[PDB]
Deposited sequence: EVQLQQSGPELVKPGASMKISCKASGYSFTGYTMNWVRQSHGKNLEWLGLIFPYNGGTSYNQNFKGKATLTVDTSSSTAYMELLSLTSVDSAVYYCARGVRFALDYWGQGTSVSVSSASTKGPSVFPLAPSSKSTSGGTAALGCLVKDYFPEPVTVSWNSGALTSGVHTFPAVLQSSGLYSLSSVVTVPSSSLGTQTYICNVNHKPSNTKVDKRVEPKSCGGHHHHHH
């Protein structure tokens, strides 16, 4: 039916400007307005503007004057959005969505755009050492960009594992901690190894966590 495919994710440095695409199919592309929504921090939604592809007319949320530019190529049913002079505050997911009587009835899958001045860097992995149940873990510190994967005992240990979301440090790099609750009786007998992998830098680490 109505399908809206957006372009892939992009990491850019601040000051740069990039163009998101939205290829429409399944309806008369010029008979409906093409809207654009920003999704910040996973939670907050913001209407950015729209373009009426029949005549090219644009309307913009004036809270974001000069941040975006909307264009269309009607011969390819593609809508475009140029984000300008990007900063970290503009790191978000930007949605394509069709407009019908002031509601948005069909959405694109979203385009995650990341803005950072960091350079690729693999993580350092430090042990959260344990002192009935005993908590141990690994601290995966100072890597860029996302993501990193943490397994325990090469996939064998999976129960009681908690890998928290990564948090961006003020340095521009991420950090992450993976813990597992284990029995107290097993601290001396069972070895525990967190396996960390950061593909952006081809970094694989295995850290044994000792009492």
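Stretches with no C-alpha position, numbering per deposited sequence from 1
Missing from the model are residues 132-137, 218-228.
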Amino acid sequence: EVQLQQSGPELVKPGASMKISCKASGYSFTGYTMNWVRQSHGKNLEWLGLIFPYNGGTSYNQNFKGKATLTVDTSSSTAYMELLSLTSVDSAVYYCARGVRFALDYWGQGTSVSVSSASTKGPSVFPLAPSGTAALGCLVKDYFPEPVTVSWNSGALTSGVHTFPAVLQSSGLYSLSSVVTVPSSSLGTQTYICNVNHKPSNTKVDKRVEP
From here on, numbers count along this sequence of modelled residues.
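State which stretch shows the higher mean Cα B factor in the entry: 158-166 or 59-67.
That would be 59-67.
Would you mind comparing 180-188 and 49-57 for me and telling me which has the higher average C-alpha temperature factor in the entry?
Mean B over CA atoms: larger for 180-188.
Between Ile193, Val196, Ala16, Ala24, where does the Cα B-factor run highest in the record?
Of the candidates given, the C-alpha B-factor peaks at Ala16.
Classify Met34 as lowest, middle or highest third according to the C-alpha B-factor given in the PDB entry, relative to its own chain.
Its C-alpha B-factor, which the entry lists for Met34, ranks in the middle third among residues of this chain.
Among the chain's modelled residues, which third holds the C-alpha B-factor of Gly132?
Ranked within chain, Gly132 CA B lands in the highest tercile.
Per the entry's values, where does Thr120 land by CA temperature factor relative to the rest of its chain, in the lowest, middle or highest third?
Lowest third of the chain for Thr120's C-alpha B-factor.
Per the entry's values, where does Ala97 land by CA temperature factor relative to the rest of its chain, in the lowest, middle or highest third?
Lowest third, going by the recorded CA B-factors of the chain.
Quick one: classify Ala103 as lowest, middle or highest third of the chain based on its Cα B-factor.
It belongs to the lowest third of the chain when residues are ordered by C-alpha B-factor.
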